[PDB]
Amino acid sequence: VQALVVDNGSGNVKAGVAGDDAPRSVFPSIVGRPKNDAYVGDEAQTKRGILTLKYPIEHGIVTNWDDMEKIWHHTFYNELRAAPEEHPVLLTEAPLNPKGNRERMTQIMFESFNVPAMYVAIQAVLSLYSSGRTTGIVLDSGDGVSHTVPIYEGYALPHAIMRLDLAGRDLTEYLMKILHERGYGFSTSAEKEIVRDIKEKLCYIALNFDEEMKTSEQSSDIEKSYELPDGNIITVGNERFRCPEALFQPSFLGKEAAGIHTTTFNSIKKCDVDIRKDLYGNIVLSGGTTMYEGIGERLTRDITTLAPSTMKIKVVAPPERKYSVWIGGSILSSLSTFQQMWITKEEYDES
């Protein structure tokens, strides 16, 4: 039998079949219920008029189990058309997910969906494996959460995992905010999806923020255009790099949190000195919010500045890192050894 691979993303579910090189189903992690049954994903956005919309896994931790079960039913029946009770399932979880949350997801899978066998994988560990490594630190920046996850010889080091206190959604919201300088008033949920696309299409990370502010003011070379759904054109200038700069300077968002460079550094420092060289030499980016042009070179400069000068800093930016969690799950669940890693329903039910 062929396993199903479900990456439970804070912003979008990625799902598909073991052995594929990418997820066949990607849809928003949203559940819509009548304002005065439930709709999931794109269907729920299309009906935002007549629905109240909710994110059940806003920051990578499931907070509404009824809605999460609707998302999983949508995954199996409307997206994959797969009987969950006839396939092994690999499910992903956030770094530092509480055991009680893992146990509740496991209960739902075994008792509501009757899945015959299941394995739960840490998202960042799967990304590391998808990069062809057993040791490294993964910087996974998604929609509602980011984490830095040191991994040694296959296993995350729980005492060193850090949360970076912003993610892609925060960046979309910040671009929405700073576009008010130019007179734009994007504010509705639907306009927010537009601004998300603007961010993905036009933004980039400056190698040196202060120098880019200086060079961008000296001409209009920075300005780039985008066609709105109504055919109007918007032009964006220094917002293109000021928006993702908040990953490095969360004070731009009014947060006291450390930026992703500082967080990665602190995360590595939690690991014993004898393994840090291998972490610094294997800093692996994953997730959609690591997709900005310029991120690897900027992160290399900044972590090199912070780290002892004897360390060799290597930031790895795989081209298909937006889906590397899901890909790592597809590989693991395809291995000839996967059948020895999972828990069966019979074992669970008799445990």
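From 1 onward, residues are counted along the sequence shown.
Trainee: Indicate whether the chain is continuous between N36 and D37 or, if not, how many deposited residues are absent from the coordinates: none, 1 to 3, 4 to 9, or 10 or more.
Mentor: In the record, 10 or more residues between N36 and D37 lack coordinates.
Trainee: Identify the stretch, either 216-224 or 171-179, whose C-alpha atoms have the larger mean B-factor according to the entry.
Mentor: Averaging CA B-factors over each stretch, the winner is 216-224.
Trainee: I need to verify one thing: averaged over C-alpha atoms only, is the B-factor higher for 251-259 or for 147-155?
Mentor: Comparing averages over the C-alpha atoms only gives 251-259.
Trainee: Tell me, please, which of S112, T92, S189, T75 has the highest C-alpha B factor according to the deposited entry?
Mentor: It is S189.
Trainee: Checking the entry, which one of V236, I122, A117, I137 has the top C-alpha B factor?
Mentor: Most elevated C-alpha B-factor of the set, per the entry: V236.
Trainee: So where's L51 on the chain's Cα temperature factor ranking, which third?
Mentor: For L51, the deposited C-alpha B-factor lands in the highest third.
Trainee: What third of the chain does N97 rank in for C-alpha temperature factor, lowest, middle or highest?
Mentor: Middle third of the chain for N97's C-alpha B-factor.
Trainee: Consider only the C-alpha atoms of the modelled residues in this chain, order them by B-factor as the entry records it, and name the third containing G294: lowest, middle or highest.
Mentor: It falls in the middle third of the chain.
Trainee: Taking the chain's C-alpha temperature factors as the reference, tell me which third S351 falls into: lowest, middle or highest.
Mentor: According to the entry, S351 has a C-alpha B-factor in the chain's highest third.
Trainee: Taking the values exactly as deposited, rank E211 by C-alpha B-factor within its chain and report the matching third: lowest, middle or highest.
Mentor: It falls in the top third of the chain.
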